[PDB]
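*Asks:* work-v3.cif is reproduced in full below (mmCIF, C-alpha atoms and all ligand atoms).
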```cif
data_target
loop_
_atom_site.label_atom_id
_atom_site.label_comp_id
_atom_site.auth_asym_id
_atom_site.auth_seq_id
_atom_site.Cartn_x
_atom_site.Cartn_y
_atom_site.Cartn_z
CA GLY A 1 -30.45 -0.35 173.41
CA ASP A 2 -27.52 2.05 173.41
CA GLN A 3 -24.79 1.21 175.92
CA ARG A 4 -22.67 4.08 177.23
CA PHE A 5 -19.13 2.89 177.96
CA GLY A 6 -17.01 5.80 179.05
CA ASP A 7 -17.22 8.40 176.31
CA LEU A 8 -18.28 5.85 173.65
CA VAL A 9 -21.62 4.27 172.72
CA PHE A 10 -22.24 0.68 171.61
CA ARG A 11 -25.43 -0.66 170.02
CA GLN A 12 -26.14 -4.27 169.13
CA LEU A 13 -27.47 -4.58 165.57
CA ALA A 14 -27.58 -8.37 165.15
CA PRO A 15 -26.63 -11.43 167.23
CA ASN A 16 -22.96 -11.11 166.15
CA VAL A 17 -22.80 -7.39 165.15
CA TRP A 18 -22.43 -4.18 167.18
CA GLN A 19 -22.00 -0.55 166.17
CA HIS A 20 -19.32 1.51 167.93
CA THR A 21 -19.71 5.29 168.20
CA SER A 22 -17.11 7.87 169.24
CA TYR A 23 -17.12 11.68 169.33
CA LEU A 24 -14.71 14.47 168.42
CA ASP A 25 -15.05 18.24 168.76
CA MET A 26 -14.98 20.17 165.50
CA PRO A 27 -14.16 23.58 167.02
CA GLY A 28 -16.99 26.07 166.61
CA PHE A 29 -19.32 23.39 165.20
CA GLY A 30 -19.72 20.79 167.94
CA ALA A 31 -19.14 17.15 168.70
CA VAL A 32 -19.30 14.84 165.67
CA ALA A 33 -20.29 11.20 166.08
CA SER A 34 -18.56 8.54 164.00
CA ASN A 35 -19.73 4.92 163.75
CA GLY A 36 -17.93 1.69 162.95
CA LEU A 37 -18.69 -2.01 163.43
CA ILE A 38 -17.66 -4.96 165.58
CA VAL A 39 -18.40 -8.48 164.30
CA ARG A 40 -18.00 -11.78 166.12
CA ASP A 41 -17.06 -14.54 163.67
CA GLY A 42 -16.96 -17.76 165.68
CA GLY A 43 -14.06 -17.50 168.12
CA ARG A 44 -12.71 -14.18 166.92
CA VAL A 45 -13.72 -10.55 166.50
CA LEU A 46 -13.40 -8.35 163.40
CA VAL A 47 -13.51 -4.53 163.53
CA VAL A 48 -14.55 -2.04 160.86
CA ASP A 49 -13.04 1.45 161.42
CA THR A 50 -11.21 2.90 164.38
CA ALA A 51 -12.60 5.58 166.63
CA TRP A 52 -11.39 9.17 166.17
CA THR A 53 -8.44 8.73 168.56
CA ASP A 54 -6.03 6.13 169.88
CA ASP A 55 -7.45 6.44 173.41
CA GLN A 56 -11.01 5.94 172.15
CA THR A 57 -9.92 2.98 170.03
CA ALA A 58 -8.25 1.36 173.04
CA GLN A 59 -11.60 1.80 174.80
CA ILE A 60 -13.32 -0.08 171.96
CA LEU A 61 -10.87 -2.92 172.58
CA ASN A 62 -11.64 -2.75 176.31
CA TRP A 63 -15.38 -3.00 175.60
CA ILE A 64 -14.71 -5.99 173.34
CA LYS A 65 -12.70 -7.66 176.11
CA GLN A 66 -15.50 -7.16 178.65
CA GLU A 67 -18.52 -7.89 176.42
CA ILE A 68 -17.18 -10.50 173.95
CA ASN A 69 -13.86 -11.70 175.42
CA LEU A 70 -12.39 -13.10 172.20
CA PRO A 71 -9.28 -11.98 170.28
CA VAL A 72 -9.64 -9.27 167.65
CA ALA A 73 -8.25 -10.98 164.56
CA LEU A 74 -8.21 -7.96 162.24
CA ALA A 75 -9.50 -4.49 161.55
CA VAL A 76 -10.36 -2.92 158.20
CA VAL A 77 -10.60 0.87 157.87
CA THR A 78 -12.67 2.52 155.20
CA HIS A 79 -10.77 5.71 154.20
CA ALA A 80 -7.91 7.99 155.26
CA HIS A 81 -9.75 10.45 157.51
CA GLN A 82 -9.45 10.68 161.29
CA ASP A 83 -12.91 9.30 162.11
CA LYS A 84 -11.97 5.98 160.39
CA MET A 85 -8.17 5.71 160.86
CA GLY A 86 -7.32 8.00 163.78
CA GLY A 87 -6.83 5.06 166.15
CA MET A 88 -4.49 2.95 164.00
CA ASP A 89 -1.67 3.12 166.57
CA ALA A 90 -3.96 1.65 169.26
CA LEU A 91 -4.74 -1.32 167.02
CA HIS A 92 -1.04 -1.85 166.33
CA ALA A 93 -0.17 -1.57 170.02
CA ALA A 94 -2.77 -4.30 170.66
CA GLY A 95 -1.20 -6.62 168.07
CA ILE A 96 -4.16 -6.48 165.66
CA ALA A 97 -3.62 -7.01 161.93
CA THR A 98 -4.86 -3.95 160.03
CA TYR A 99 -6.10 -3.51 156.46
CA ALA A 100 -7.01 -0.53 154.29
CA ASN A 101 -7.38 0.29 150.62
CA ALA A 102 -3.87 0.66 149.15
CA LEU A 103 -4.82 4.24 148.26
CA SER A 104 -5.81 4.92 151.88
CA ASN A 105 -2.40 3.71 153.03
CA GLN A 106 -0.71 5.89 150.42
CA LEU A 107 -2.70 8.96 151.53
CA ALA A 108 -2.40 8.27 155.27
CA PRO A 109 0.82 10.24 156.02
CA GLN A 110 -0.32 13.43 154.26
CA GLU A 111 -3.69 13.16 156.04
CA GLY A 112 -1.97 12.89 159.42
CA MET A 113 -2.88 9.19 159.70
CA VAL A 114 -0.78 6.11 160.36
CA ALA A 115 -1.10 3.59 157.52
CA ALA A 116 -2.58 0.16 158.06
CA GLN A 117 -0.13 -2.73 157.92
CA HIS A 118 -1.71 -4.35 154.86
CA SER A 119 -3.12 -2.95 151.63
CA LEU A 120 -6.30 -4.10 149.92
CA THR A 121 -6.43 -3.98 146.15
CA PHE A 122 -9.54 -4.12 144.01
CA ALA A 123 -10.64 -5.60 140.71
CA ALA A 124 -11.98 -3.28 138.03
CA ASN A 125 -15.55 -4.21 139.04
CA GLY A 126 -14.90 -3.00 142.61
CA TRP A 127 -14.68 -6.29 144.51
CA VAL A 128 -11.61 -6.72 146.70
CA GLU A 129 -8.94 -9.02 145.33
CA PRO A 130 -9.44 -11.92 147.77
CA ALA A 131 -5.75 -12.64 148.31
CA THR A 132 -5.37 -9.17 149.87
CA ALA A 133 -8.18 -9.76 152.40
CA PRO A 134 -7.28 -13.14 153.93
CA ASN A 135 -9.35 -14.47 156.82
CA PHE A 136 -12.04 -11.79 156.49
CA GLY A 137 -14.78 -14.30 157.34
CA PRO A 138 -18.20 -12.80 156.61
CA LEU A 139 -16.79 -9.36 155.69
CA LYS A 140 -17.21 -8.63 151.97
CA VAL A 141 -15.23 -5.56 150.90
CA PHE A 142 -16.28 -3.47 147.90
CA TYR A 143 -14.83 -0.32 146.35
CA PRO A 144 -17.86 1.48 144.86
CA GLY A 145 -15.96 4.24 143.10
CA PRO A 146 -14.93 7.69 144.27
CA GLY A 147 -17.46 9.58 146.34
CA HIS A 148 -16.99 10.98 149.83
CA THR A 149 -13.30 10.39 149.05
CA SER A 150 -11.46 8.74 146.19
CA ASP A 151 -10.39 5.86 148.47
CA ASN A 152 -13.69 5.15 150.26
CA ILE A 153 -14.52 1.46 150.63
CA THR A 154 -17.61 -0.35 151.91
CA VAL A 155 -18.27 -3.62 153.74
CA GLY A 156 -21.12 -6.13 153.70
CA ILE A 157 -21.62 -8.71 156.45
CA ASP A 158 -22.50 -12.08 154.97
CA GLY A 159 -25.15 -13.95 156.91
CA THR A 160 -26.81 -10.71 158.02
CA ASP A 161 -28.95 -8.02 156.45
CA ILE A 162 -26.26 -5.40 157.17
CA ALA A 163 -24.01 -3.38 154.87
CA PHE A 164 -21.73 -0.52 155.91
CA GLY A 165 -21.38 2.51 153.67
CA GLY A 166 -19.05 4.51 155.88
CA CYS A 167 -18.97 8.16 154.97
CA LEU A 168 -20.25 7.54 151.44
CA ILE A 169 -23.87 7.10 152.61
CA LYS A 170 -26.02 9.57 154.57
CA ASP A 171 -29.37 8.80 156.16
CA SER A 172 -32.67 9.04 154.29
CA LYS A 173 -33.53 12.43 155.85
CA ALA A 174 -30.05 13.98 155.66
CA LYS A 175 -29.95 17.59 154.50
CA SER A 176 -26.48 17.42 152.94
CA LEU A 177 -23.61 15.17 151.93
CA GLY A 178 -21.45 16.44 154.80
CA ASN A 179 -17.74 17.06 154.31
CA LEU A 180 -17.03 17.24 150.57
CA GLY A 181 -13.48 18.58 151.01
CA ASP A 182 -11.91 15.43 149.54
CA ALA A 183 -14.94 14.27 147.55
CA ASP A 184 -15.34 13.39 143.88
CA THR A 185 -18.54 15.29 143.16
CA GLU A 186 -18.93 14.09 139.56
CA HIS A 187 -18.82 10.39 140.47
CA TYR A 188 -20.52 10.47 143.89
CA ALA A 189 -24.03 9.52 142.74
CA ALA A 190 -22.85 6.55 140.69
CA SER A 191 -20.65 5.35 143.54
CA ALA A 192 -23.52 5.49 146.03
CA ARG A 193 -25.68 3.48 143.61
CA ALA A 194 -22.87 0.97 143.04
CA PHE A 195 -22.73 0.35 146.80
CA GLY A 196 -26.45 -0.46 146.77
CA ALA A 197 -26.06 -2.79 143.79
CA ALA A 198 -23.15 -4.65 145.41
CA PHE A 199 -25.21 -5.53 148.51
CA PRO A 200 -28.78 -6.02 147.25
CA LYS A 201 -29.77 -8.14 150.28
CA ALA A 202 -28.72 -5.50 152.82
CA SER A 203 -31.87 -4.02 154.35
CA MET A 204 -29.99 -2.38 157.25
CA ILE A 205 -27.56 0.29 156.05
CA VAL A 206 -24.99 1.36 158.63
CA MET A 207 -23.10 4.60 158.03
CA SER A 208 -20.59 6.87 159.70
CA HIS A 209 -22.73 9.73 161.04
CA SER A 210 -26.32 8.55 161.49
CA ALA A 211 -28.11 5.64 163.09
CA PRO A 212 -28.69 2.59 160.87
CA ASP A 213 -31.36 3.20 158.26
CA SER A 214 -33.25 1.46 155.48
CA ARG A 215 -32.07 1.40 151.87
CA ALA A 216 -33.73 4.80 151.46
CA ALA A 217 -30.40 6.09 152.79
CA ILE A 218 -28.82 4.89 149.53
CA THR A 219 -31.46 6.29 147.18
CA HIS A 220 -31.59 9.59 149.06
CA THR A 221 -27.79 9.94 149.13
CA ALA A 222 -27.56 9.24 145.40
CA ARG A 223 -30.41 11.64 144.63
CA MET A 224 -28.67 14.43 146.56
CA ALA A 225 -25.43 13.60 144.75
CA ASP A 226 -27.24 13.89 141.40
CA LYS A 227 -27.44 17.63 142.18
CA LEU A 228 -23.64 17.92 142.44
CA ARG A 229 -23.29 17.17 138.71
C1 LIG B 301 -12.32 19.49 156.87
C2 LIG B 301 -13.04 18.30 157.49
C3 LIG B 301 -12.45 17.06 157.47
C4 LIG B 301 -13.10 15.96 158.03
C5 LIG B 301 -12.34 14.65 157.91
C6 LIG B 301 -14.39 16.16 158.64
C7 LIG B 301 -15.16 15.07 159.23
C8 LIG B 301 -14.69 13.59 159.17
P1 LIG B 301 -15.41 12.89 157.60
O1 LIG B 301 -15.12 13.75 156.37
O2 LIG B 301 -14.68 11.50 157.37
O3 LIG B 301 -16.92 12.68 157.85
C9 LIG B 301 -16.41 15.37 159.80
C10 LIG B 301 -16.86 16.70 159.82
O4 LIG B 301 -17.88 16.89 160.33
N1 LIG B 301 -16.12 17.61 159.25
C11 LIG B 301 -14.93 17.41 158.69
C12 LIG B 301 -14.24 18.46 158.10
ZN ZN B 302 -14.12 11.13 155.59
ZN ZN B 303 -17.75 11.09 157.75
#
```
Could I get this file's structure written as structure tokens?
*Replies:*
Amino acid sequence: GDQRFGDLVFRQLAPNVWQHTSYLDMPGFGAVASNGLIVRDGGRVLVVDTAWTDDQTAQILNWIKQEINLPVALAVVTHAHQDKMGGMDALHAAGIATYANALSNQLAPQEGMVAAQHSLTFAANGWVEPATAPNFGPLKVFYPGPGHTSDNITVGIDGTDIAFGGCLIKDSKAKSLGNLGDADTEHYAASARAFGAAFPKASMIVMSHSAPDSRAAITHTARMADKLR
């Protein structure tokens, strides 16, 4: 099922959806996997999240060329940390239109990231303002509230059973909530639950650091976050 392509791993999740995985050393603590998504929408490809680095992200584009062979119309990135935005320059070099939460773009320079070209803004109920996400096809972008970071956003794939929680959601057996350095611990539980409520049909939950899981990833993440309050 997993396809090794250089130093990256690709896994098909649905007829038009693949998960990309890349790795970065955290010195003294080992190699950390990060996952994003690749979606074919008719004659074009849409990407969710970069890899950790420009070189890895260019390799994602190379895999897309060889295994899908359609233009990448856009990429959306889900917060201003390296695992999700570290390859922005590679997307720009490839001519790909890039989108992030306005707050992610504001935070990008101080986080050592390059901002996306375009900023998403969100209604008070969390749904993206549609004019800021033109041509997103089946991608439905939702801001669930502050959690893993204040800017974290999430993405559902219409026409599939898949929703992507990024670094907000951990798997159903996870022992911790991971890196809380930029987290909002008071609001985390509610934000995890809001993600679940936004995508009630999503039975396959994709996330940044574990294989896809059932919706027990959402309940378990929220229950762990209850303890932070
Ligand atoms: C201090 C720190 C910062 C980050 C961004 C990480 C990440 C990326 P993430 O916070 O987006 O998951 C993974 C990790 O394992 N440790 C970290 C430590
Ligand atoms: Zn993060
Ligand atoms: Zn993460």
*Asks:* Neighbours of residue A:79 within 6 Å (only C-alpha atoms; same-chain residues fewer than 5 positions away dropped), as a ChimeraX atom specification?
*Replies:* /A:104,151-152
*Asks:* Once you count all atoms listed in the file, which residues end up within 8 Å of ligand ZN 302 (chain B), and could you hand them over as a ChimeraX atom specification?
*Replies:* /A:79-84,148-149,167,179,182
*Asks:* What's around stretch 156-166 of chain A at 6 Å? Count only C-alpha atoms, leave out sequence neighbours fewer than 5 positions away in its own chain, and write the answer as a VMD selection string.
*Replies:* chain A and resid 138 to 140 202 to 208
*Asks:* Determine, counting all atoms listed in the file, which protein, DNA and RNA residues have an atom within 12 Å of an atom of residue A:70; residues of the same chain fewer than 6 positions away are not included. Present the result as a list in words.
*Replies:* residues 38, 39, 40, 41, 42, 43, 44, 45, 46, 61, 62, 63 and 64 of chain A
*Asks:* I'd like the contact shell of residue A:141 - 12 Å cut-off, only C-alpha atoms, skipping same-chain residues fewer than 2 positions apart - returned as number ranges by chain.
*Replies:* A: 48, 76-78, 99-101, 120-123, 125-130, 132-134, 136-139, 143-144, 152-158, 163-166, 195, 198-199
*Asks:* One decimal, in Å: what's the spacing between atom CA of residue A:107 and atom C6 of ligand LIG 301 (chain B)?
*Replies:*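 The value is 15.5 Å.
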*Asks:* For residue A:176, work out the shell of residues within 10 Å, counting only C-alpha atoms and skipping chain neighbours fewer than 3 positions away, then give it as a ChimeraX atom specification.
*Replies:* /A:170-171,173,179-180,221,224-225
*Asks:* Calculate how many Å separate atom CA of residue A:186 from atom CA of residue A:226, rounding to one decimal.
*Replies:*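 Between these atoms lies a distance of 8.5 Å.
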*Asks:* Between atom CA of residue A:12 and atom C2 of ligand LIG 301 (chain B), what is the spacing in Å?
*Replies:* 28.6 Å
*Asks:* I need the residue nearest ligand LIG 301 (chain B) from this list: A:37, A:211, A:72, A:32. Use all atoms listed in the file for the distance.
*Replies:*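 Of A:37, A:211, A:72, A:32, the one nearest ligand LIG 301 (chain B) is A:32, counting all atoms listed in the file.
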*Asks:* When distances are computed from all atoms listed in the file, which of A:142, A:18, A:188, A:52 shows the smallest separation from ligand ZN 303 (chain B)?
*Replies:*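 Of A:142, A:18, A:188, A:52, the one nearest ligand ZN 303 (chain B), counting all atoms listed in the file, is A:52.
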*Asks:* Around stretch 54-62 of chain A, with edges along x, y and z and 5 Å added on all six sides, what centre and edge lengths do you get, in Å to one decimal, as lines of an AutoDock Vina configuration file?
*Replies:*
```
center_x = -9.7
center_y = 1.8
center_z = 173.1
size_x = 17.3
size_y = 19.4
size_z = 16.4
```
*Asks:* For residue A:73, which residue out of A:117, A:98, A:59, A:150 is the nearest one, using only C-alpha atoms?
*Replies:*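 Of all the options, A:98 lies closest to residue A:73.
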*Asks:* Which is closest to ligand LIG 301 (chain B) among A:201, A:227, A:209, A:215, if we use all atoms listed in the file?
*Replies:*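 Nearest to ligand LIG 301 (chain B): A:209.
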*Asks:* Tell me which of A:214, A:114, A:220, A:89 sits closest to residue A:56, counting only C-alpha atoms.
*Replies:*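 Residue with the minimum atom-to-atom distance to residue A:56: A:89.
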*Asks:* Compare A:217, A:222, A:36, A:131 by their minimum atom-to-atom distance to ligand LIG 301 (chain B), counting only C-alpha atoms and all ligand atoms, and give me the closest one.
*Replies:*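 The closest residue to ligand LIG 301 (chain B) is A:36.
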*Asks:* Any chance you could turn stretch 57-68 of chain A into a file with N, CA and C atoms, as a short mmCIF file (atom, residue, chain, number, x, y, z; two decimals), in the first residue's frame?
*Replies:*
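Okay, result.cif is ready:
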```cif
data_model
loop_
_atom_site.label_atom_id
_atom_site.label_comp_id
_atom_site.auth_asym_id
_atom_site.auth_seq_id
_atom_site.Cartn_x
_atom_site.Cartn_y
_atom_site.Cartn_z
N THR A 57 9.45 18.87 -0.99
CA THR A 57 8.23 19.32 -1.64
C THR A 57 8.36 19.23 -3.16
N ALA A 58 9.54 19.56 -3.70
CA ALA A 58 9.78 19.34 -5.12
C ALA A 58 9.65 17.86 -5.47
N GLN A 59 10.05 16.96 -4.56
CA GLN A 59 9.85 15.53 -4.81
C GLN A 59 8.38 15.14 -4.81
N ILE A 60 7.55 15.75 -3.95
CA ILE A 60 6.11 15.54 -4.07
C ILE A 60 5.63 15.90 -5.47
N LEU A 61 6.07 17.05 -5.98
CA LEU A 61 5.64 17.47 -7.30
C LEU A 61 6.13 16.50 -8.37
N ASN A 62 7.32 15.93 -8.19
CA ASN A 62 7.84 14.94 -9.12
C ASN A 62 7.00 13.67 -9.09
N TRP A 63 6.61 13.22 -7.89
CA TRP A 63 5.72 12.06 -7.78
C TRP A 63 4.39 12.34 -8.47
N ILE A 64 3.84 13.54 -8.27
CA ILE A 64 2.58 13.89 -8.93
C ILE A 64 2.73 13.83 -10.44
N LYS A 65 3.83 14.37 -10.96
CA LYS A 65 4.08 14.32 -12.40
C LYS A 65 4.08 12.89 -12.91
N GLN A 66 4.75 11.99 -12.19
CA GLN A 66 4.91 10.62 -12.67
C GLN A 66 3.67 9.76 -12.44
N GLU A 67 2.91 10.02 -11.38
CA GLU A 67 1.79 9.14 -11.02
C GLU A 67 0.42 9.70 -11.34
N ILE A 68 0.30 11.01 -11.58
CA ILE A 68 -0.95 11.64 -11.96
C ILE A 68 -0.83 12.40 -13.27
#
```
